[PDB]
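**Student:** Supplied in structure tokens, the structure appears directly below.
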Amino acid sequence: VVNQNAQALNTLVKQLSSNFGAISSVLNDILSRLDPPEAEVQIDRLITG
Amino acid sequence: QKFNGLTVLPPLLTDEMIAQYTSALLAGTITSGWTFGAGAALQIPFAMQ
Amino acid sequence: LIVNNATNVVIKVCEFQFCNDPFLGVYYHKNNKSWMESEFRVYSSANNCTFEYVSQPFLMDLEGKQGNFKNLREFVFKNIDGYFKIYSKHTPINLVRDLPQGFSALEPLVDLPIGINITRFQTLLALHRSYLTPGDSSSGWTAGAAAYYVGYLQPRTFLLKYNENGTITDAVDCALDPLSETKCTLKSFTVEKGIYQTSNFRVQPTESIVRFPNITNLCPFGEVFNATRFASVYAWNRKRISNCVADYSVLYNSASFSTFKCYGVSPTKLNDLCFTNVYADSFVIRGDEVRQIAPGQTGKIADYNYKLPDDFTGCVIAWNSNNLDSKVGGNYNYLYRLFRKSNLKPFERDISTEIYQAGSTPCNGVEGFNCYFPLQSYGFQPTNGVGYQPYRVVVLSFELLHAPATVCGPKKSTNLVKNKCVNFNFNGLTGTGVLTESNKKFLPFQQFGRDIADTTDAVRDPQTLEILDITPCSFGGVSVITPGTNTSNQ
Ligand SMILES: *[C@@H]1O[C@H](CO)[C@@H](O)[C@H](O)[C@H]1NC(C)=O
Ligand SMILES: *[C@@H]1O[C@H](CO)[C@@H](O)[C@H](O)[C@H]1NC(C)=O
Ligand SMILES: *[C@@H]1O[C@H](CO)[C@@H](O)[C@H](O)[C@H]1NC(C)=O
Ligand SMILES: *[C@@H]1O[C@H](CO)[C@@H](O)[C@H](O)[C@H]1NC(C)=O
């Protein structure tokens, strides 16, 4: 019963490095390189995932 | 682990107070039999229990 | 200018010439008892008007008294998107000057749609000139007694309380005190004794710092822009640009550009991020083939010629050449491929001169029927159309955080700050945290550190060359415990 919680927590951890058909996994890297109107298509695609 | 916002709250009871309850429950069968959870405790030697 | 006279309220939107001290003043003469305006020192001239209005009459008396006031005109002036909104209320009083503690709501008066911009305001007032006083502009002016309050409105969220007639009867804050945030959180004014969770608070940033790598060299751009010869599209030249600041604001005075397009990157952050592996690909094509350069767009110069990748993230700059790459017979130095057994792949170049094979009849130098040469001359002349003139296209392809920093921005480093949760930038990598001194050592080549989350937690300074750990200061939340709204407010 501890194994299931610790496994599921590592499962949510690994999802932070998935794209969902995006170009990067760190929101500040998208904000540092492209104005917000030219970044909403990546941000909504990270948000839904 | 806390950087991504995974907070673990500690249980309401410690193991010392839980062990105080298990010690009361163990003492009640060795001293009063079964007539202490339905009423007020009543002594009785173990040879008749 | 919205002024209430002794006739009506006058609303004029003109270009007035305001005084050094504009005000009003009415006179009480001895041939009348009426207080008309005689000191109308408001504007010097009213020229170039765009709006004038008519309002309901508000006759006044204007007889100075020092007694207690028994009415209150509270207005709130807002200008959202040009429209000016006024929220008026009239409330009588009887107390000595102070704002009563009662609860009144303000109803909206009018919404003037004018779309001017307002930055300064001045309150228009009035004066008393009588024969009890000198009546002049030195010792004749008398201000009576008056007191008005001016308060700036700030972004705030209130849980409103609506009764059975529709009015607002109580306003409870969401930020003034923890108790008001709890009471607006549950959407109720009655809270029981127990623990409740509100918003969660973290530590805020304090400072920000720069630790860029210092490089004095400036990149070569003499031939990357205006020059005396450029490469053919058949065989396009790649130049390796490294160890120098790469700027783009300074590139507007070498050649006049007719296409400044950067795909994948804002054209105002090229100098804000340090680069890696900058590849300059310059070649001349025809001006009616500028549409054929594009990521994921086919063509003839995207199939049989150099094809851009379909993930390319870089900038494409190309400009018209009038007669530098053009001849009076036509320019035949620049050639293009017109037949291919298999189209070209990203970053592929052709060096074959074979004759292309069409049909059964073989070719590649056994010239004959259906043996065409794919490499055709462009034929640039100045007498041709402008879509038929040479364009020097320079494509800049670069990486971001794929290898140690080689090409960096012109912004320079700042002071080294430690033991604080501050915003940092290293080569381009941004964060917010406390930079602590580390005791884990990498091997010399390794310049980053990750965990099981795959997030940075150890960086190497390009300046001081010391391993520094990164520790977020974000932690915990805020919970509150109440002994019930009945008992008390602690
Ligand atoms: C007096 O009024 C004139 C015109 O408004 C102005 O130019 C001048 O500066 C004023 N002087 C004082 C004392 O403010
Ligand atoms: C008033 O408007 C006219 C027409 O636009 C202009 O020629 C004149 O200079 C303006 N006068 C001002 C700015 O007071
Ligand atoms: C609403 O206004 C009416 C009219 O004065 C008043 O009688 C009533 O008390 C008010 N509110 C209600 C519905 O109790
Ligand atoms: C507060 O508690 C007292 C005692 O139980 C009760 O009489 C009173 O009505 C309560 N008031 C509120 C606001 O609940």
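By convention here, the chains of the structure tokens are called A, B, ... in the order presented, each chain's residues are numbered starting at 1, and ligands are numbered starting at 1 in the order presented.
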Using only C-alpha atoms, determine which residues lie at most 6 Å from region 300-304 of chain C, disregarding the query and same-chain residues fewer than 4 positions distant; provide the list as a list in words.
**Tutor:** residues 337, 340, 343 and 344 of chain C
**Student:** Please determine the contact residues of chain B with respect to chain C at a cut-off of 8 Å, counting only C-alpha atoms, and supply them as a list in words.
**Tutor:**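 On the chain B side, the interface is residues 2, 3 and 5 of chain B.
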**Student:** Around ligand 1, at most 12 Å away and counting only C-alpha atoms and all ligand atoms, which residues are there? Put them as a ChimeraX atom specification, please.
**Tutor:** /C:17-23,41-44,137-138
**Student:** What are the residues of chain B lining chain A at 10 Å or less? Count only C-alpha atoms, and put the answer as a ChimeraX atom specification.
**Tutor:** /B:1,4,6
**Student:** Could you write out that same residue set with N, CA, C and O atoms as a PDB file, in the first residue's frame?
**Tutor:**
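Output saved as result_14.pdb:
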```
ATOM      1  N   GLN B   1      11.564  16.435  -2.686  1.00  0.00           N
ATOM      2  CA  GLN B   1      10.324  16.023  -3.328  1.00  0.00           C
ATOM      3  C   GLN B   1       9.321  17.168  -3.352  1.00  0.00           C
ATOM      4  O   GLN B   1       8.474  17.242  -4.250  1.00  0.00           O
ATOM      5  N   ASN B   4       8.005  20.207  -6.416  1.00  0.00           N
ATOM      6  CA  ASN B   4       6.931  20.142  -7.390  1.00  0.00           C
ATOM      7  C   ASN B   4       5.561  20.238  -6.746  1.00  0.00           C
ATOM      8  O   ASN B   4       4.553  20.214  -7.456  1.00  0.00           O
ATOM      9  N   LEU B   6       4.326  18.360  -3.889  1.00  0.00           N
ATOM     10  CA  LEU B   6       3.776  17.114  -3.379  1.00  0.00           C
ATOM     11  C   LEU B   6       3.945  17.140  -1.871  1.00  0.00           C
ATOM     12  O   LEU B   6       5.013  16.817  -1.352  1.00  0.00           O
TER      13      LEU B   6
END
```
**Student:** Which residues, written as a PyMOL selection string, have at least one atom at most 10 Å from residue 73 (chain C), with only C-alpha atoms counted and residues fewer than 3 positions away on the same chain left out?
**Tutor:** chain C and resi 88-92+148
**Student:** For the residues in that selection, give me C-alpha atoms as a JSON list (two decimals), in the first residue's frame.
**Tutor:**
```json
[["chain", "number", "residue", "atom", "x", "y", "z"],
["C", 88, "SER", "CA", -22.83, 58.92, -7.70],
["C", 89, "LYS", "CA", -24.61, 58.87, -4.37],
["C", 90, "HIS", "CA", -26.32, 61.50, -2.20],
["C", 91, "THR", "CA", -26.26, 60.83, 1.55],
["C", 92, "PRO", "CA", -27.27, 63.29, 4.29],
["C", 148, "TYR", "CA", -13.01, 66.64, 0.46]]
```
